[PDB]
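Shown below, as structure tokens, is a lone chain in the form deposited in one PDB entry; questions about how it binds or moves come after it.
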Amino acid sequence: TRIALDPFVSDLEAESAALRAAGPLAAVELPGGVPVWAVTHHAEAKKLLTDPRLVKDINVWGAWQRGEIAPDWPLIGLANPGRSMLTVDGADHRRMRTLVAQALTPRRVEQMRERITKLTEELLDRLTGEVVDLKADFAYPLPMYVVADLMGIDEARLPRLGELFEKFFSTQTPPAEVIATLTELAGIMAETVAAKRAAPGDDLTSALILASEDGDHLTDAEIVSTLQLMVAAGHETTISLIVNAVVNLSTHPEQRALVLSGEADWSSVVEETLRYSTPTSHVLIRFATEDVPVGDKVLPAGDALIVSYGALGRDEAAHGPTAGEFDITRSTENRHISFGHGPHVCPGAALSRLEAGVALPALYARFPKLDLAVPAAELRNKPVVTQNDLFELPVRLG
């Protein structure tokens, strides 16, 4: 029995519970009428994520081979981006990933702690009034500035990039605007790369350009695709991580009391938010080169697989009978896999942990009484099916 993912994300908790119930391999419908499989249990996700029969090569997708995927499908930017580390495996994946991954180790991202701290304090300084949209005024700008600095993007481009990524991630973007959004994104990223080719810097775009002389030899198009990937994957997720941590503390007063009183550390808030309420509900997209058994089902060769990180985060087989609860003090035998698992594991994990690990204590140090300004049930997800993304975060600064 297929689960059609709600394009309007009207009850994400209920949909996640249905996906777990239908697992480990659930039949699902992506917005736009595209049928795929979703892995929704922790153990089977880890196996599929390291299974060499589950590849990123879209030429393996039967629906792609048959020409049944429209180029103006709103999800096309997520399902079929340009060639980058995201869309390859094997030796090509190593070549396309190594520079970025090594630039983002925990040791390397510490270099940015000062910039992240200064950005955080500057944003907190500008909060005005008793009630604010903390997403628009804080959680959204911080990771956009951070990834823009990382990648050498001109800060003057960030307002437009924000407008474009809103369309990129929405299920409701009309066909002409799907296409126009991807073309304009390509232009902004190409302009950034062209600028760094002329004057190479410490930013990661410059580093990729230099390595394409000096070893890795990514093509011009692959560098632009990698830049777009880094901005897409690095701002949207980190914003939701900060938003969801504030929501979770505001809906669990004992957990808020623990961390604000020093009985638990902020890292535990971040890690439990990642497990309980990941920024990334689903990851597109993998394809079976051969029939693959999953539980009592067979994933047929040529079919597609998404990984339902949101659903599997609350898998009771992984975390026990309290897996559906937000508990920053929990003991579990299984660490969460909200950054993925295997070769494609998020290279930005340390940077996101640093951003959230700086932003959250700074926020509550400035505003110890900070609370949602509305009952949490009134918060509304944007029509973004792969990301847990809220329209706004009304907050009383207290």
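Counting begins at 1, following the sequence as shown.
Asker: Quick one: higher average CA temperature factor, 307-315 or 142-150?
Answerer: Taking the mean C-alpha B-factor of 142-150 and of 307-315, the larger value falls to 142-150.
Asker: Regarding 280-288 and 206-214, which shows the higher C-alpha temperature factor on average in the entry?
Answerer: Taking the mean C-alpha B-factor of 280-288 and of 206-214, the larger value falls to 206-214.
Asker: Between 369, 341, 53, 353, which carries the biggest CA temperature factor in the record?
Answerer: The record points to 369.
Asker: If I read the C-alpha B-factors straight from the PDB entry, which of 66, 336, 47, 41 is highest?
Answerer: The listed residue with the largest C-alpha B-factor is 66.
Asker: Would you please rank residue 301 by its C-alpha temperature factor against the other modelled residues of its chain and give the third it falls in: lowest, middle or highest?
Answerer: Residue 301: CA B-factor falls in the middle third of its chain.
Asker: Sorting by Cα B-factor within the chain, modelled residues only, which third would residue 375 end up in: lowest, middle or highest?
Answerer: Its C-alpha B-factor belongs to the highest third of this chain's values.
Asker: Split the chain's modelled residues into thirds by Cα B-factor; is residue 123 in the lowest, middle or highest one?
Answerer: Highest third - that is where residue 123 ends up once the chain's C-alpha B-factors are sorted.
Asker: By its CA B factor, does residue 4 count among the lowest, middle or highest third of the modelled residues in the chain?
Answerer: Middle third of the chain for residue 4's C-alpha B-factor.
Asker: Would you please rank residue 255 by its C-alpha temperature factor against the other modelled residues of its chain and give the third it falls in: lowest, middle or highest?
Answerer: For residue 255, whose C-alpha B-factor we compare with every modelled residue in the chain, the answer is the middle third.
Beyond what is shown, the protein has a form deposited in another entry; the following relates to that form.
Asker: Looking at how the rigid parts shift between this form and the one not shown, which one of 147, 352, 313, 86 is at the hinge?
Answerer: The hinge between the moving rigid parts is marked by 147.
Asker: Once you compare with this form, do the C-alpha atoms of residue 138 and residue 169 lie closer or farther in the other form, given a change of 3 Å or more?
Answerer: Closer together, by at least 3 Å.
Asker: Just to spell it out: taking the C-alpha atom of residue 171 and the C-alpha atom of residue 134, is that distance smaller or larger in the other form than in the structure shown here, given it changes by 3 Å or more?
Answerer: Closer in the other form, by 3 Å or more.
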